[PDB]
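This is protein_3.cif. It holds mmCIF, N, CA and C atoms.
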data_entry
loop_
_atom_site.group_PDB
_atom_site.id
_atom_site.type_symbol
_atom_site.label_atom_id
_atom_site.label_comp_id
_atom_site.auth_asym_id
_atom_site.auth_seq_id
_atom_site.Cartn_x
_atom_site.Cartn_y
_atom_site.Cartn_z
ATOM 1 N N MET A 35 0.819 -1.191 0.000
ATOM 2 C CA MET A 35 0.000 0.000 0.000
ATOM 3 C C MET A 35 0.861 1.251 0.000
ATOM 4 N N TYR A 36 2.195 1.077 -0.182
ATOM 5 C CA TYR A 36 3.216 2.121 -0.198
ATOM 6 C C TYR A 36 3.626 2.447 -1.621
ATOM 7 N N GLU A 37 3.531 1.445 -2.543
ATOM 8 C CA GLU A 37 3.827 1.530 -3.975
ATOM 9 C C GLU A 37 5.311 1.654 -4.315
ATOM 10 N N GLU A 38 5.902 2.850 -4.075
ATOM 11 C CA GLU A 38 7.305 3.181 -4.265
ATOM 12 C C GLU A 38 7.803 3.655 -2.913
ATOM 13 N N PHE A 39 8.891 3.034 -2.388
ATOM 14 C CA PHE A 39 9.357 3.272 -1.040
ATOM 15 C C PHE A 39 10.846 2.988 -0.985
ATOM 16 N N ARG A 40 11.488 3.607 0.043
ATOM 17 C CA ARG A 40 12.886 3.488 0.442
ATOM 18 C C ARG A 40 12.991 3.921 1.907
ATOM 19 N N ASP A 41 12.940 2.995 2.892
ATOM 20 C CA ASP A 41 13.104 3.377 4.299
ATOM 21 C C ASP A 41 14.264 2.577 4.826
ATOM 22 N N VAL A 42 14.732 2.888 6.073
ATOM 23 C CA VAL A 42 15.784 2.118 6.728
ATOM 24 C C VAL A 42 15.041 1.153 7.634
ATOM 25 N N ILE A 43 15.209 -0.133 7.261
ATOM 26 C CA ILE A 43 14.489 -1.261 7.806
ATOM 27 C C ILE A 43 15.503 -2.343 8.139
ATOM 28 N N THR A 44 15.111 -3.277 9.055
ATOM 29 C CA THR A 44 15.992 -4.315 9.593
ATOM 30 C C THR A 44 15.494 -5.686 9.208
ATOM 31 N N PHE A 45 16.375 -6.449 8.523
ATOM 32 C CA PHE A 45 16.187 -7.822 8.085
ATOM 33 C C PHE A 45 16.781 -8.786 9.118
ATOM 34 N N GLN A 46 15.976 -9.756 9.669
ATOM 35 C CA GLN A 46 16.426 -10.675 10.692
ATOM 36 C C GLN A 46 15.944 -12.057 10.319
ATOM 37 N N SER A 47 16.395 -13.069 11.086
ATOM 38 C CA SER A 47 16.074 -14.476 10.928
ATOM 39 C C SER A 47 15.461 -15.060 12.190
ATOM 40 N N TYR A 48 14.407 -15.889 12.009
ATOM 41 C CA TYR A 48 13.837 -16.747 13.024
ATOM 42 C C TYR A 48 13.959 -18.089 12.334
ATOM 43 N N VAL A 49 14.747 -19.032 12.903
ATOM 44 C CA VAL A 49 15.025 -20.333 12.314
ATOM 45 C C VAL A 49 14.904 -21.303 13.471
ATOM 46 N N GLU A 50 14.102 -22.387 13.298
ATOM 47 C CA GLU A 50 13.809 -23.405 14.303
ATOM 48 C C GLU A 50 14.913 -24.461 14.407
ATOM 49 N N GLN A 51 16.160 -23.973 14.671
ATOM 50 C CA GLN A 51 17.435 -24.674 14.848
ATOM 51 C C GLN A 51 18.335 -24.679 13.598
ATOM 52 N N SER A 52 19.673 -24.499 13.801
ATOM 53 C CA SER A 52 20.705 -24.473 12.752
ATOM 54 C C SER A 52 21.378 -25.838 12.555
ATOM 55 N N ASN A 53 20.543 -26.899 12.501
ATOM 56 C CA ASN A 53 20.878 -28.296 12.277
ATOM 57 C C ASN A 53 19.642 -28.931 11.629
ATOM 58 N N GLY A 54 19.635 -30.266 11.349
ATOM 59 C CA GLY A 54 18.548 -30.991 10.654
ATOM 60 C C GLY A 54 17.329 -31.425 11.457
ATOM 61 N N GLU A 55 16.958 -30.606 12.463
ATOM 62 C CA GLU A 55 15.823 -30.749 13.350
ATOM 63 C C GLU A 55 15.089 -29.426 13.298
ATOM 64 N N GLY A 56 14.074 -29.327 12.394
ATOM 65 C CA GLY A 56 13.225 -28.151 12.194
ATOM 66 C C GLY A 56 12.028 -28.207 13.096
ATOM 67 N N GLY A 57 12.178 -27.628 14.310
ATOM 68 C CA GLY A 57 11.185 -27.634 15.375
ATOM 69 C C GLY A 57 11.959 -27.675 16.660
ATOM 70 N N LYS A 58 11.402 -28.297 17.736
ATOM 71 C CA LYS A 58 12.026 -28.527 19.043
ATOM 72 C C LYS A 58 12.306 -27.292 19.915
ATOM 73 N N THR A 59 13.204 -26.389 19.441
ATOM 74 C CA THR A 59 13.584 -25.129 20.086
ATOM 75 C C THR A 59 13.680 -24.094 18.972
ATOM 76 N N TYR A 60 13.705 -22.779 19.277
ATOM 77 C CA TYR A 60 13.813 -21.739 18.266
ATOM 78 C C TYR A 60 14.849 -20.721 18.705
ATOM 79 N N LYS A 61 15.671 -20.249 17.732
ATOM 80 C CA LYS A 61 16.736 -19.271 17.918
ATOM 81 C C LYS A 61 16.561 -18.087 16.955
ATOM 82 N N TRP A 62 16.785 -16.842 17.455
ATOM 83 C CA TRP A 62 16.731 -15.560 16.780
ATOM 84 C C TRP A 62 18.145 -15.001 16.513
ATOM 85 N N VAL A 63 18.407 -14.479 15.276
ATOM 86 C CA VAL A 63 19.663 -13.826 14.871
ATOM 87 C C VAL A 63 19.302 -12.670 13.927
ATOM 88 N N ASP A 64 20.218 -11.671 13.725
ATOM 89 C CA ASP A 64 20.048 -10.506 12.840
ATOM 90 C C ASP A 64 20.855 -10.708 11.551
ATOM 91 N N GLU A 65 20.300 -10.324 10.362
ATOM 92 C CA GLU A 65 20.921 -10.585 9.065
ATOM 93 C C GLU A 65 21.674 -9.394 8.495
ATOM 94 N N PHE A 66 20.971 -8.260 8.249
ATOM 95 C CA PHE A 66 21.553 -7.064 7.672
ATOM 96 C C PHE A 66 20.575 -5.924 7.902
ATOM 97 N N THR A 67 21.016 -4.697 7.564
ATOM 98 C CA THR A 67 20.234 -3.474 7.637
ATOM 99 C C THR A 67 20.416 -2.834 6.282
ATOM 100 N N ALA A 68 19.299 -2.382 5.681
ATOM 101 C CA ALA A 68 19.349 -1.812 4.339
ATOM 102 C C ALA A 68 18.318 -0.733 4.067
ATOM 103 N N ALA A 69 18.575 0.028 2.957
ATOM 104 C CA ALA A 69 17.628 0.939 2.344
ATOM 105 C C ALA A 69 16.912 0.051 1.324
ATOM 106 N N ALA A 70 15.612 -0.183 1.596
ATOM 107 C CA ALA A 70 14.890 -1.221 0.901
ATOM 108 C C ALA A 70 13.398 -0.973 0.924
ATOM 109 N N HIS A 71 12.662 -1.767 0.109
ATOM 110 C CA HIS A 71 11.221 -1.755 0.053
ATOM 111 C C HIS A 71 10.744 -3.177 0.064
ATOM 112 N N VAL A 72 10.089 -3.614 1.176
ATOM 113 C CA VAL A 72 9.406 -4.903 1.304
ATOM 114 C C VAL A 72 7.928 -4.457 1.367
ATOM 115 N N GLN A 73 7.054 -5.002 0.474
ATOM 116 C CA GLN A 73 5.625 -4.696 0.397
ATOM 117 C C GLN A 73 4.839 -6.006 0.282
ATOM 118 N N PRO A 74 3.667 -6.239 0.955
ATOM 119 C CA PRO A 74 2.785 -7.400 0.739
ATOM 120 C C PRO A 74 2.021 -7.334 -0.607
ATOM 121 N N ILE A 75 1.597 -8.494 -1.181
ATOM 122 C CA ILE A 75 0.880 -8.635 -2.464
ATOM 123 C C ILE A 75 -0.505 -7.981 -2.587
ATOM 124 N N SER A 76 -1.280 -7.929 -1.470
ATOM 125 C CA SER A 76 -2.643 -7.407 -1.284
ATOM 126 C C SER A 76 -3.715 -8.398 -1.724
ATOM 127 N N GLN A 77 -3.683 -8.782 -3.013
ATOM 128 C CA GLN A 77 -4.592 -9.737 -3.614
ATOM 129 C C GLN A 77 -3.775 -10.443 -4.685
ATOM 130 N N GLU A 78 -4.103 -10.243 -5.988
ATOM 131 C CA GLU A 78 -3.373 -10.810 -7.120
ATOM 132 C C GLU A 78 -2.370 -9.827 -7.733
ATOM 133 N N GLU A 79 -2.160 -8.634 -7.104
ATOM 134 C CA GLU A 79 -1.233 -7.552 -7.480
ATOM 135 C C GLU A 79 -1.657 -6.698 -8.684
ATOM 136 N N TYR A 80 -2.076 -7.372 -9.789
ATOM 137 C CA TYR A 80 -2.552 -6.829 -11.057
ATOM 138 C C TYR A 80 -4.087 -6.721 -11.066
ATOM 139 N N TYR A 81 -4.729 -7.462 -10.124
ATOM 140 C CA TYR A 81 -6.159 -7.568 -9.821
ATOM 141 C C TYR A 81 -7.037 -8.197 -10.907
ATOM 142 N N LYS A 82 -7.440 -7.388 -11.927
ATOM 143 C CA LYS A 82 -8.222 -7.650 -13.145
ATOM 144 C C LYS A 82 -9.539 -8.425 -13.078
ATOM 145 N N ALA A 83 -9.508 -9.669 -12.548
ATOM 146 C CA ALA A 83 -10.631 -10.573 -12.425
ATOM 147 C C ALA A 83 -11.310 -10.432 -11.073
ATOM 148 N N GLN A 84 -10.564 -10.715 -9.967
ATOM 149 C CA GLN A 84 -10.920 -10.655 -8.549
ATOM 150 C C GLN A 84 -10.164 -11.755 -7.815
ATOM 151 N N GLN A 85 -10.914 -12.665 -7.138
ATOM 152 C CA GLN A 85 -10.539 -13.809 -6.298
ATOM 153 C C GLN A 85 -10.309 -13.413 -4.829
ATOM 154 N N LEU A 86 -10.436 -14.378 -3.872
ATOM 155 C CA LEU A 86 -10.303 -14.112 -2.441
ATOM 156 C C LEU A 86 -9.544 -15.255 -1.765
ATOM 157 N N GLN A 87 -8.719 -14.924 -0.737
ATOM 158 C CA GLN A 87 -7.892 -15.791 0.074
ATOM 159 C C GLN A 87 -7.251 -14.793 1.024
ATOM 160 N N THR A 88 -6.599 -15.273 2.113
ATOM 161 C CA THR A 88 -5.850 -14.521 3.121
ATOM 162 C C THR A 88 -4.416 -14.331 2.597
ATOM 163 N N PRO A 89 -3.790 -13.126 2.560
ATOM 164 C CA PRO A 89 -2.510 -12.878 1.875
ATOM 165 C C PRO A 89 -1.286 -13.462 2.599
ATOM 166 N N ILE A 90 -0.525 -14.293 1.845
ATOM 167 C CA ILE A 90 0.648 -15.035 2.263
ATOM 168 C C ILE A 90 1.801 -14.770 1.297
ATOM 169 N N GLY A 91 1.786 -13.623 0.562
ATOM 170 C CA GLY A 91 2.777 -13.303 -0.456
ATOM 171 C C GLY A 91 3.323 -11.914 -0.305
ATOM 172 N N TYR A 92 4.646 -11.794 -0.579
ATOM 173 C CA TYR A 92 5.395 -10.548 -0.544
ATOM 174 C C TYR A 92 6.123 -10.351 -1.843
ATOM 175 N N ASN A 93 6.233 -9.039 -2.158
ATOM 176 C CA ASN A 93 6.947 -8.511 -3.307
ATOM 177 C C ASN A 93 7.977 -7.512 -2.791
ATOM 178 N N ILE A 94 9.255 -7.608 -3.225
ATOM 179 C CA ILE A 94 10.300 -6.698 -2.767
ATOM 180 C C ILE A 94 11.275 -6.357 -3.879
ATOM 181 N N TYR A 95 11.799 -5.093 -3.813
ATOM 182 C CA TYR A 95 12.907 -4.569 -4.598
ATOM 183 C C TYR A 95 13.876 -3.959 -3.560
ATOM 184 N N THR A 96 15.197 -4.264 -3.649
ATOM 185 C CA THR A 96 16.248 -3.650 -2.824
ATOM 186 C C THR A 96 17.376 -3.433 -3.813
ATOM 187 N N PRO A 97 18.233 -2.360 -3.834
ATOM 188 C CA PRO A 97 19.372 -2.259 -4.765
ATOM 189 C C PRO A 97 20.442 -3.289 -4.352
ATOM 190 N N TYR A 98 20.817 -4.160 -5.322
ATOM 191 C CA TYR A 98 21.634 -5.372 -5.336
ATOM 192 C C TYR A 98 21.676 -6.314 -4.106
ATOM 193 N N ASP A 99 20.685 -6.254 -3.180
ATOM 194 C CA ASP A 99 20.612 -7.107 -1.991
ATOM 195 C C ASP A 99 19.665 -8.268 -2.282
ATOM 196 N N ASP A 100 20.132 -9.523 -2.085
ATOM 197 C CA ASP A 100 19.432 -10.773 -2.407
ATOM 198 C C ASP A 100 19.048 -11.569 -1.154
ATOM 199 N N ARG A 101 19.129 -10.939 0.033
ATOM 200 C CA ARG A 101 18.996 -11.600 1.321
ATOM 201 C C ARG A 101 17.655 -11.461 2.063
ATOM 202 N N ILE A 102 16.629 -10.692 1.563
ATOM 203 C CA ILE A 102 15.313 -10.470 2.128
ATOM 204 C C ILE A 102 14.444 -11.734 2.238
ATOM 205 N N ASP A 103 13.979 -12.310 1.093
ATOM 206 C CA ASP A 103 13.222 -13.567 1.084
ATOM 207 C C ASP A 103 14.095 -14.692 0.553
ATOM 208 N N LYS A 104 14.452 -15.632 1.454
ATOM 209 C CA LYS A 104 15.276 -16.804 1.188
ATOM 210 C C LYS A 104 15.413 -17.495 2.535
ATOM 211 N N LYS A 105 14.274 -17.575 3.287
ATOM 212 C CA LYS A 105 14.127 -18.096 4.650
ATOM 213 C C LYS A 105 14.582 -17.055 5.680
ATOM 214 N N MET A 106 13.706 -16.066 5.989
ATOM 215 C CA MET A 106 13.988 -14.972 6.909
ATOM 216 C C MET A 106 12.694 -14.581 7.607
ATOM 217 N N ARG A 107 12.834 -13.666 8.601
ATOM 218 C CA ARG A 107 11.773 -13.058 9.384
ATOM 219 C C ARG A 107 12.172 -11.593 9.512
ATOM 220 N N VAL A 108 11.632 -10.677 8.691
ATOM 221 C CA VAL A 108 12.142 -9.312 8.625
ATOM 222 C C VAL A 108 11.196 -8.325 9.258
ATOM 223 N N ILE A 109 11.718 -7.138 9.655
ATOM 224 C CA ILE A 109 10.890 -6.033 10.110
ATOM 225 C C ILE A 109 11.070 -4.849 9.155
ATOM 226 N N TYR A 110 10.015 -4.592 8.327
ATOM 227 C CA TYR A 110 9.906 -3.469 7.391
ATOM 228 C C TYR A 110 8.795 -2.550 7.885
ATOM 229 N N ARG A 111 9.045 -1.215 8.034
ATOM 230 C CA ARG A 111 8.137 -0.148 8.519
ATOM 231 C C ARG A 111 7.305 -0.424 9.799
ATOM 232 N N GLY A 112 7.891 -1.228 10.725
ATOM 233 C CA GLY A 112 7.292 -1.689 11.977
ATOM 234 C C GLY A 112 6.555 -3.014 11.926
ATOM 235 N N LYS A 113 6.484 -3.706 10.756
ATOM 236 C CA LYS A 113 5.744 -4.955 10.586
ATOM 237 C C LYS A 113 6.684 -6.156 10.493
ATOM 238 N N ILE A 114 6.497 -7.195 11.366
ATOM 239 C CA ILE A 114 7.326 -8.407 11.425
ATOM 240 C C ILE A 114 6.644 -9.522 10.647
ATOM 241 N N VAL A 115 7.267 -10.034 9.560
ATOM 242 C CA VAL A 115 6.684 -11.108 8.745
ATOM 243 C C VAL A 115 7.693 -12.224 8.495
ATOM 244 N N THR A 116 7.211 -13.481 8.260
ATOM 245 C CA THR A 116 7.971 -14.709 8.011
ATOM 246 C C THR A 116 7.630 -15.195 6.602
ATOM 247 N N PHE A 117 8.681 -15.611 5.844
ATOM 248 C CA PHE A 117 8.578 -15.999 4.436
ATOM 249 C C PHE A 117 9.826 -16.686 3.849
ATOM 250 N N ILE A 118 9.624 -17.544 2.804
ATOM 251 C CA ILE A 118 10.676 -18.243 2.058
ATOM 252 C C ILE A 118 10.529 -17.839 0.588
ATOM 253 N N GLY A 119 11.632 -17.660 -0.197
ATOM 254 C CA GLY A 119 11.521 -17.148 -1.570
ATOM 255 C C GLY A 119 12.732 -17.413 -2.423
ATOM 256 N N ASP A 120 12.860 -16.675 -3.570
ATOM 257 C CA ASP A 120 13.954 -16.788 -4.543
ATOM 258 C C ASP A 120 14.272 -15.412 -5.168
ATOM 259 N N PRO A 121 15.531 -14.888 -5.172
ATOM 260 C CA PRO A 121 15.893 -13.601 -5.774
ATOM 261 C C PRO A 121 16.255 -13.698 -7.271
ATOM 262 N N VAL A 122 15.945 -12.626 -8.046
ATOM 263 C CA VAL A 122 16.251 -12.443 -9.465
ATOM 264 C C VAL A 122 16.876 -11.047 -9.583
ATOM 265 N N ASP A 123 17.909 -10.787 -10.435
ATOM 266 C CA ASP A 123 18.442 -9.424 -10.610
ATOM 267 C C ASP A 123 17.752 -8.777 -11.806
ATOM 268 N N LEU A 124 17.638 -7.416 -11.846
ATOM 269 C CA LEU A 124 16.970 -6.647 -12.911
ATOM 270 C C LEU A 124 17.715 -6.671 -14.242
ATOM 271 N N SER A 125 19.062 -6.809 -14.138
ATOM 272 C CA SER A 125 20.056 -7.014 -15.184
ATOM 273 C C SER A 125 20.692 -5.704 -15.651
ATOM 274 N N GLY A 126 21.312 -5.707 -16.867
ATOM 275 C CA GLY A 126 22.012 -4.591 -17.523
ATOM 276 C C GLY A 126 23.368 -4.253 -16.937
ATOM 277 N N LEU A 127 23.354 -3.320 -15.954
ATOM 278 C CA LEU A 127 24.495 -2.847 -15.181
ATOM 279 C C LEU A 127 24.648 -3.589 -13.853
ATOM 280 N N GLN A 128 23.533 -4.199 -13.374
ATOM 281 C CA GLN A 128 23.353 -4.937 -12.117
ATOM 282 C C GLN A 128 23.233 -3.996 -10.917
ATOM 283 N N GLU A 129 22.150 -3.180 -10.902
ATOM 284 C CA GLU A 129 21.842 -2.219 -9.852
ATOM 285 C C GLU A 129 20.724 -2.703 -8.954
ATOM 286 N N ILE A 130 19.601 -3.213 -9.526
ATOM 287 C CA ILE A 130 18.437 -3.648 -8.747
ATOM 288 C C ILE A 130 18.277 -5.160 -8.763
ATOM 289 N N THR A 131 17.890 -5.699 -7.577
ATOM 290 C CA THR A 131 17.467 -7.066 -7.303
ATOM 291 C C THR A 131 15.974 -6.992 -7.053
ATOM 292 N N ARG A 132 15.216 -7.945 -7.666
ATOM 293 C CA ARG A 132 13.783 -8.108 -7.518
ATOM 294 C C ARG A 132 13.582 -9.491 -6.933
ATOM 295 N N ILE A 133 12.894 -9.541 -5.765
ATOM 296 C CA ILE A 133 12.697 -10.751 -4.992
ATOM 297 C C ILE A 133 11.208 -10.908 -4.768
ATOM 298 N N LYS A 134 10.753 -12.179 -4.732
ATOM 299 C CA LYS A 134 9.431 -12.629 -4.366
ATOM 300 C C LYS A 134 9.668 -13.636 -3.241
ATOM 301 N N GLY A 135 8.743 -13.632 -2.251
ATOM 302 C CA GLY A 135 8.756 -14.513 -1.092
ATOM 303 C C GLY A 135 7.354 -14.824 -0.707
ATOM 304 N N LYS A 136 7.122 -15.974 -0.033
ATOM 305 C CA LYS A 136 5.788 -16.413 0.342
ATOM 306 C C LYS A 136 5.847 -17.187 1.641
ATOM 307 N N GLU A 137 4.694 -17.338 2.349
ATOM 308 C CA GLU A 137 4.595 -18.084 3.596
ATOM 309 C C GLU A 137 3.595 -19.225 3.487
ATOM 310 N N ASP A 138 3.947 -20.371 4.116
ATOM 311 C CA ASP A 138 3.137 -21.582 4.205
ATOM 312 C C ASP A 138 3.126 -22.020 5.665
ATOM 313 N N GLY A 139 3.978 -23.001 6.051
ATOM 314 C CA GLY A 139 4.073 -23.496 7.416
ATOM 315 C C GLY A 139 4.935 -24.726 7.408
ATOM 316 N N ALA A 140 5.079 -25.385 8.588
ATOM 317 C CA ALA A 140 5.882 -26.579 8.786
ATOM 318 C C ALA A 140 5.305 -27.391 9.946
ATOM 319 N N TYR A 141 4.284 -28.243 9.645
ATOM 320 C CA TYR A 141 3.547 -29.161 10.527
ATOM 321 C C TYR A 141 2.642 -28.487 11.560
ATOM 322 N N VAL A 142 3.278 -27.969 12.638
ATOM 323 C CA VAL A 142 2.672 -27.269 13.766
ATOM 324 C C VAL A 142 3.153 -25.825 13.810
ATOM 325 N N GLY A 143 4.352 -25.532 13.245
ATOM 326 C CA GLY A 143 4.921 -24.192 13.262
ATOM 327 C C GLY A 143 6.283 -24.202 12.632
#
Written as structure tokens, how would this file's structure read?
Amino acid sequence: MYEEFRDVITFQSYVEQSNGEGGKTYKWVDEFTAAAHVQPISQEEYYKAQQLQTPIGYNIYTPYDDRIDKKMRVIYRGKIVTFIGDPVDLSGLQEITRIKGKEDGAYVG
């Protein structure tokens, strides 16, 4: 609902252990700090037709940073969200990275 943005926001991680046991106990760590824009999808982004569901998708652009959605828990403009994703670069000179991330779950949490 911000459209075009650049604020100083903090990217962090919530990971349910740094070994092959996803659950049991949970540990918090900090990733990086950047001038960035993390925004939620709202609906289908382009809209056109309609459709309804509860939003579990994020859209982000940061200049050359690929670390936002790729298993993280970030705080952008006071909002804490959890998501997994894949980064793509804009190309040419290599100035902008465009990332998509989404949330699902893991059994109980």
* **Atom-to-atom span, atom CA of residue 85 of chain A and atom CA of residue 136 of chain A, Å** => 17.8 Å
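Atom pair atom CA of residue 80 of chain A / atom CA of residue 99 of chain A has a distance of 24.9 Å (rounded to one decimal).
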* Asked: For the file shown, what are the residues hit by the PyMOL selection byres ((chain A and resi 74) around 5), laid out as a PyMOL selection string?
  -> chain A and resi 72-73+75-76+91-93
* To do: DSSP on the backbone, then: every residue of segment 67-126 of chain A marked strand (DSSP E), written as a count of residues only.
  => 31
* Asked: If we count only C-alpha atoms, what is near residue 140 of chain A at a cut-off of 12 Å, once residues fewer than 5 positions away on the same chain are taken out, given as a list in words?
  -> residues 49, 50, 55, 56, 57, 117 and 118 of chain A
* Asked: Leaving out residue 129 of chain A and any residue of its chain fewer than 6 positions from it, which residues lie within 8 Å of it when counting all atoms listed in the file, given as JSON, numbers by chain?
  -> {"A": [96, 97, 98, 99, 123]}
* Coordinates-based distance that separates atom CA of residue 47 of chain A from atom CA of residue 64 of chain A (Å, one decimal) ->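 Calculated distance between atom CA of residue 64 of chain A and atom CA of residue 47 of chain A is 5.9 Å.
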* To do: Name the residues that the PyMOL selection byres ((chain A and resi 100) around 8) pulls out of this structure, and write them as a PyMOL selection string.
  => chain A and resi 96-99+101-104+120-122+131-133
* **8 Å contact set for residue 43 of chain A, all atoms listed in the file, chain neighbours under 6 positions out, as a PyMOL selection string** => chain A and resi 66-71+108-112
What would the file look like if the residues just selected were written as a short mmCIF file (atom, residue, chain, number, x, y, z; two decimals), keeping the file's coordinate frame with N, CA and C atoms?
data_model
loop_
_atom_site.label_atom_id
_atom_site.label_comp_id
_atom_site.auth_asym_id
_atom_site.auth_seq_id
_atom_site.Cartn_x
_atom_site.Cartn_y
_atom_site.Cartn_z
N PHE A 66 20.97 -8.26 8.25
CA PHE A 66 21.55 -7.06 7.67
C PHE A 66 20.58 -5.92 7.90
N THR A 67 21.02 -4.70 7.56
CA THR A 67 20.23 -3.47 7.64
C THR A 67 20.42 -2.83 6.28
N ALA A 68 19.30 -2.38 5.68
CA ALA A 68 19.35 -1.81 4.34
C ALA A 68 18.32 -0.73 4.07
N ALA A 69 18.58 0.03 2.96
CA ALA A 69 17.63 0.94 2.34
C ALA A 69 16.91 0.05 1.32
N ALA A 70 15.61 -0.18 1.60
CA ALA A 70 14.89 -1.22 0.90
C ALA A 70 13.40 -0.97 0.92
N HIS A 71 12.66 -1.77 0.11
CA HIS A 71 11.22 -1.76 0.05
C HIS A 71 10.74 -3.18 0.06
N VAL A 108 11.63 -10.68 8.69
CA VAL A 108 12.14 -9.31 8.62
C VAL A 108 11.20 -8.32 9.26
N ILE A 109 11.72 -7.14 9.65
CA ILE A 109 10.89 -6.03 10.11
C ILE A 109 11.07 -4.85 9.15
N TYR A 110 10.02 -4.59 8.33
CA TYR A 110 9.91 -3.47 7.39
C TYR A 110 8.80 -2.55 7.88
N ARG A 111 9.04 -1.22 8.03
CA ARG A 111 8.14 -0.15 8.52
C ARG A 111 7.30 -0.42 9.80
N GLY A 112 7.89 -1.23 10.72
CA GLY A 112 7.29 -1.69 11.98
C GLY A 112 6.56 -3.01 11.93
#
* Once you count only N, CA and C atoms, which residues end up no further than 6.5 Å from (11.4, -13.6, 7.7) in the file's frame, shown as a PyMOL selection string? -> chain A and resi 46-48+105-108+115-117
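Counting only N, CA and C atoms and comparing A:62, A:90, A:124, A:38, the residue that lies closest to residue 138 of chain A is A:90.
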* Asked: Taking into account all atoms listed in the file, which residue in the set A:44, A:83, A:77, A:127 is nearest to residue 65 of chain A?
  -> A:44
